Number of protein chains: 4
Amino acid sequence: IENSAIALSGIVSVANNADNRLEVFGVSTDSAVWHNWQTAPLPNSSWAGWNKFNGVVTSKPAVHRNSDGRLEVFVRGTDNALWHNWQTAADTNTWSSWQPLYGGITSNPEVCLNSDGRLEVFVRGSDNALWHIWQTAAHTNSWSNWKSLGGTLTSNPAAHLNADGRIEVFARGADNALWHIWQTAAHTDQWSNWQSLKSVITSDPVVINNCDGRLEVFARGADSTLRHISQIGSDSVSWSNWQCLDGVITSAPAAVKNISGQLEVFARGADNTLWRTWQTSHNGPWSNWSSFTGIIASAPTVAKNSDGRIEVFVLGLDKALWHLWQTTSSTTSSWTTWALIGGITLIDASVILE
Amino acid sequence: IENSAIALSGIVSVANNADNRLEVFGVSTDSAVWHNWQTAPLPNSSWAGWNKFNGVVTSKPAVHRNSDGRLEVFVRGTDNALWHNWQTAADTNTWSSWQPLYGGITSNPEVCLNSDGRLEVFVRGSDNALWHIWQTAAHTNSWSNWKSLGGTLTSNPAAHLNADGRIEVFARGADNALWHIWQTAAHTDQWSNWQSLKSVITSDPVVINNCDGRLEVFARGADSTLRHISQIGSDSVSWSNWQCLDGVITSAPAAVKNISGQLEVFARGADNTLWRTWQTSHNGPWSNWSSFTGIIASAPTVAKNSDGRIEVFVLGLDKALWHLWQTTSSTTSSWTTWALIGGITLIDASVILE
Amino acid sequence: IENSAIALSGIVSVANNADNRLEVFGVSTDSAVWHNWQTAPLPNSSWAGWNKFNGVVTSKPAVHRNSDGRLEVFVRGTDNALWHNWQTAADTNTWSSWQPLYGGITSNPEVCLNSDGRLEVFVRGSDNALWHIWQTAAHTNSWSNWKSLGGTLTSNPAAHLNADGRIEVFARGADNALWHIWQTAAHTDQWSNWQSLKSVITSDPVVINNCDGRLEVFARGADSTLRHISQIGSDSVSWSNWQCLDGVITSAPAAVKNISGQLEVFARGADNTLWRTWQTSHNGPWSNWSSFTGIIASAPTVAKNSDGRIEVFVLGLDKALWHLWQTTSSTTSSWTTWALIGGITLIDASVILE
Amino acid sequence: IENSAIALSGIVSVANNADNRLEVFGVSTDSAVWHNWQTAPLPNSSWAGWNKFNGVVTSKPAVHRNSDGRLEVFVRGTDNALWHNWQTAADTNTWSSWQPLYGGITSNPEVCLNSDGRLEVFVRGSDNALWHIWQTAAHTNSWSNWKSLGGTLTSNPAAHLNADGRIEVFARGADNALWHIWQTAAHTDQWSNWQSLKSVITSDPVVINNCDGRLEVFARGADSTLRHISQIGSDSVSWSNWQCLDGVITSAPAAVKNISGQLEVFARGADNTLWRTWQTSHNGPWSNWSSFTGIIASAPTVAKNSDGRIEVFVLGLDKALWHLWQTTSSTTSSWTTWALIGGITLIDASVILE
């Protein structure tokens, strides 16, 4: 692989409803967003069926739950502007029409919830800088003007809260290295300068918090293996060295914290099957990759159910959505085999970044 | 102290709003519930002022946030029945009037949020058994009938979720020992039998989850010192031995997880000042108790702000509410001295259990 | 129990030879020291048979291996002075006669090996202060003059190295609290002042190092339960609060680090059987006490074999030595039942401290 | 670098005497072994001066302390056989002449001390298999016959004890991967079959035990970066995945456990200076590499002094031995700059393996 490659992404965005039912959002062959949801918050639940939002879109959709429990979806429109639509009440399948937020977008949108309950959206703009826009009041359809954070992005952005409420954003830069920028005070428009974490990456960055309140960033490296870096202090400036894990991966990774507090990472492996690795003890060593049967055609997207059970979504060779899950709420649980969530076929609507 | 003693409780109940502003609920000399809230989600914020709910009450109020962000308060009425009132919209200071849930209550109410978004209330009933009632749909004013879980309670109940979504309830029994009972499947009316954790306790139990996804229970013991016990497996049946910490405490304890994932416990000490102890490392040893200046007249009530800073509320000798907080989002931060949230005086409306 | 009580001690001292064979030393009804040893360094080995050292003694013997592999035993004589005898070559059953070190001794002797290979002996003297004497060259029969460290002792002393090579000594003081004193530079006659760790203790202190390079002290408390305290920094001045464990014990405790690095403690329990507790995770919570069948008449003495297996020695009701051990090198191993090391009967020759 | 490369080795072997004084062994321009020792067991001690053993040698010397405290050195002779010489008494500078152990050696010797006090030597033989020979009685000049363990070696062997006393040997195989073989019972001639840990390595393996009683193996990888793997269970068959650390290294690594139980690794870096990395927390993430001033011409050799302070030895550009050490017994201590141990110049006498 080349240093500027961006690994294959997940085919859907997932969120938990206010009642923790999972709901997935993807783009079909009509270039519209469709969604489907669990009827009860358990992995063996039946799903409602695929439902369409009217409107042609030109990016992968991003979804986040508002602080009042209402889901809200963000997408690029045919005008290269940002659009959004929302549930009109928590746990209800009544939505707004797409509504405009304007701007000029050249990446998939990334959405974060500040610790004061306000959504904030991060995107690459027309000038390749990082731009953002935010709710001016918690869970309200009142938004700021667009503002630039500068830089030069060559991946989609990934945002996460630090334990103290400061948003930190990660993105590949012009030199193909991972860069980051952060709020210097929680949920405030006061930001640091851009800083490099060095090392080339060949996927979007994936960010998760550990139990200790430290962030941990996962990405594919230049040799096509998983690499990871973590915060070692109580600020955004002190990081470990990078470490790689053996094993060639062929998609973005997806990371989740299991209910014992240990991290697990899922990725498409060198044989185009889903692979999984997990921390064997706290902060500990990583297990050898374990494979699941079945060829897959996207990165995994990973979620947790109301009872803690992990569930994984992928694109199958039939271009439909498949999923599997843990059979029990237990880190050493067995897994189901792939099951189909049928009714539509999906396309990868990710913005082509070069 | 005698084995059947119940240590002095906190004077207010606290909750975070959907936007993480703190809001406190207490009972004044008119035997009504009054509340007050931060105007912004930071500990140095100004407070709005004390506001009254009409109606005479006969217990400490319990408050929990619904899964749609709306706060909801539960109290015993003059008819010894359960009443509740709620915010009509998240982050809004418009409330229902008290509305009846009936029953017959002989303890303070305890409220838990199931992982499927449904509130559930636990109380000691007229026959001294544990009773409960639940929302039948997430964040909806539709409730079940009352149902008994049996047992014999001699403290208020304390409920917490396990990491897998099963509610577990703790309460002192007829033999003054700590007993517990648990859901055997997440957010389902399928419960275990009562089991004893032995050891006498002389306060209500206080329950918190650690990073590992294990519960940890704190209580005052028969010798008036803090003692604690924790889950050691992935179920509700495997527990450690009890351990005590030196130092006589004269109130219920209050426990919180700081933003490095370590536990801290606050209690009124033998000299009637606020004492604090913290875990020095993961699962680690406990620090010597540290004292804050100022005589206090209740147990502490402890909360966290949107930026992770801990804030503590107590009753002062002037029978008003005082608070202090951490100056920075840092485990070794200094603390402010007590500041007054003036405007009313408070009474301890806790149900007298004998 | 009274605050000045000293719990029942172990009936033998144990050491590993240079080749790791265990060898035990006790006092028989003739008031002489006898010893016995494994013929091979495994717990299921046969033992050689009880062999006598000529000479009447008036304390429990203390044994330590020299830095050249030779065992050396220290005891009080009929003249209340200190005597010692040694193997003349490692792993050889040829010994010196008792040789005099003089002084005036009113406790059992305690022996430590400095990290520069020199033995050092600690005792309570005729004036109840702590006295010591040391080899002036590693593993050589050349000793210093006696020197006082002051204080007032009401238990036997217990000495251990810190991770940086500084000896630290623990002993009960005149107020029945645990006190300690330490070298301020490794293997140097430069010592701190005495400092109290507060808390009353009713056994000799038992000291072990954890993996982290921190000392951890175990003792029986005033309520007859096990209590423990540990270093929390990198010096001898920073300690945790004391914690107690539920369960009444009726002997001194004995502590050992198993081969997974976790601590285990053994003690005679309230029903006069051997009890065991272990840390369930690193630094972690302690298990409930587990009992072994059989009434025992001393504290346990605990050792490890060349393959890591723990072995425990006690006095039986027949006044003979019994032992049991782990069946495999595994923290969850089963244990054998008590087996007799027959041939003599033993007496408790511990110096009566009041 | 090529896959069959073997990175530059350390220029001396080091051991602690019975009294913990460091003593170093190297080969000078006369192809004889010379040694030098601290006069006192502290890093700022003066050194005695370089002293020669008569006899021409053809490998790097290996040294280990016997279980009776006597050092013993192993080397290949001009006849390609194994020779050894020993201190005739602990802490004494009187040695035997070289004495023959015969055989036919094609690697540097590796020496391990069994947990029953018997030395055992591992070497590549004339047929490229692993051969070994052992003392038949602890710390005695009585040796077994030579015996083969088979395999095909393309590095020097590295041996370490497991926590349960089983020797495990690591060596690169014919496929340039790391292979290992182990005793199936402690200090017994009963061995497993050879098993591969996969991954190519380009240095000798370096093995250390962590606090948990698990082995951890460090080596340079095919991309010239440090990689490491560790045991995850209680046996020799369960290992983690391999992880790499960023940063090109140009020598074998050297690993040590500091006195807080954390691991540190030293290696010559890409700029030919000494680099260091350390675990920032238990099992934790690894720090960025830190450089010391000064160009160096060998791998580091690392030892610990009687007070826990780490000391590092290297070859300088002047072909003499230099060292530096920690200024205090503290993981965050500063370090001294390089100081010369002058008097001879050293050559790399490592056996050329192809």
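Every residue, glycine as well, gets a Cβ built from its backbone with ideal geometry; the counts of neighbours run over all protein chains shown. We did not get these values from a lab; they are worked out from the coordinates using the rules stated.
Values for this structure:
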quantity: The one condition in (1) on the phi < 0 side of the Ramachandran plot; (2) in contact (Cβ under 8 Å) with a residue 60 or more places away in the chain that B:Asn20 fails to fulfil; calculated: (1)
quantity: Residue count, the stretch C:78-92 (criterion: surrounded by fewer than 23 Cβ atoms within 10 Å (Cβ to Cβ) and within 14 Å of another protein chain (Cβ to nearest Cβ)); calculated: 6
quantity: All positions within the stretch D:324-340 that are more than 10 Å from every other protein chain (Cβ to nearest Cβ) and either outside any strand (DSSP E or B) or over 16 Å from D:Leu274 (Cβ atoms) (or both); calculated: D:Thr327, D:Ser333, D:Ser334, D:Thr336, D:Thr337, D:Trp338
quantity: Hey, A:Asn162 crowded, with 21+ Cβ neighbours inside 10 Å and farther than 18 Å from A:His187 by Cβ or not; calculated: no
quantity: The lone exception for B:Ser230 - which of (1) assigned to a loop (DSSP other than H, G, I, E, B); (2) polar (S, T, N, Q); (3) buried (at least 18 other Cβ atoms within 10 Å of the Cβ) it fails; calculated: (1)
quantity: Which listed residue, of B:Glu168, B:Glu216, is surrounded by 19 or more Cβ atoms within 10 Å (Cβ to Cβ), in contact (Cβ under 8 Å) with a residue 40 or more places away in the chain and touching a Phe, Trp or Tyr at 6+ places or on another chain (Cβ under 8 Å); calculated: B:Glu168
quantity: Flag for D:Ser260 being surrounded by fewer than 21 Cβ atoms within 10 Å (Cβ to Cβ), out of contact with any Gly (no Cβ under 6 Å at 6 or more places or on another chain) and part of a loop (DSSP other than H, G, I, E, B); calculated: no
quantity: Subset of the stretch B:176-219 [among the polar types (S, T, N, Q), within 14 Å of chain A (Cβ to nearest Cβ) and part of a strand (DSSP E or B)]; calculated: B:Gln183, B:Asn209
quantity: Selection within the stretch C:229-255 - free of Cβ contacts under 8 Å to residues at least 24 places away in the same chain and touching an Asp or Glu at 6+ places or on another chain (Cβ under 6 Å); calculated: C:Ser230, C:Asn241
quantity: Residue within the stretch D:136-152 that is touching a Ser or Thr at 6+ places or on another chain (Cβ under 6 Å), within 14 Å of chain C (Cβ to nearest Cβ) and surrounded by fewer than 23 Cβ atoms within 10 Å (Cβ to Cβ) present; calculated: yes
quantity: Among the candidates C:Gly173, C:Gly117, residue that is within 13 Å of chain D (Cβ to nearest Cβ) and either of a type outside the set (S, T, N, Q) or more than 25 Å from D:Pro41 (Cα to Cα) (or both); calculated: C:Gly117
quantity: Looking only at the stretch A:222-232, and only at residues there that are of a type in the set (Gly, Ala, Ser) and more than 9 Å from every other protein chain (Cβ to nearest Cβ), the one that is farthest from B:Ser234 (Cα to Cα); calculated: A:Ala222
quantity: When residues of the stretch D:341-354 are limited to those that are farther than 26 Å from D:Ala171 by Cα and assigned to a strand (DSSP E or B), the one nearest to the other protein chains (Cβ to nearest Cβ); calculated: D:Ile341
quantity: Unmet criterion (only one of (1) buried (at least 18 other Cβ atoms within 10 Å of the Cβ); (2) under 23 Å from B:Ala320 (Cβ atoms); (3) within 14 Å of another protein chain (Cβ to nearest Cβ)) for B:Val75; calculated: (3)
quantity: Filter result (of a type outside the set (D, E, K, R), crowded, with 21+ Cβ neighbours inside 10 Å and either over 29 Å from C:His282 (Cα atoms) or out of contact with any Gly (no Cβ under 7 Å at 6 or more places or on another chain) (or both)) within the stretch C:183-213; calculated: C:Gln183, C:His187, C:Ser203, C:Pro205, C:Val206
quantity: Among residues of the stretch B:243-264, those that are of a type in the set (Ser, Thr, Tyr) and within 14 Å of chain A (Cβ to nearest Cβ), counted; calculated: 1
quantity: Filter result for C:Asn108 (touching a residue at least 24 places away in the same chain (Cβ under 8 Å) and out of contact with any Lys or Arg (no Cβ under 8 Å at 6 or more places or on another chain)); calculated: no
quantity: Residues satisfying the stated conditions in the stretch C:233-242, i.e. facing another protein chain (nearest Cβ under 8 Å) and out of contact with any strand residue (DSSP E or B) (no Cβ under 6 Å at 6 or more places or on another chain); calculated: C:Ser234
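Condition check ((1) hydrophobic (A, V, I, L, M, F, W, C); (2) closer than 30 Å to B:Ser333 by Cβ) across all residues:
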position	(1), (2)
A:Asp189	no, yes
A:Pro205	no, no
A:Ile229	yes, yes
A:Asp235	no, yes
A:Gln243	no, no
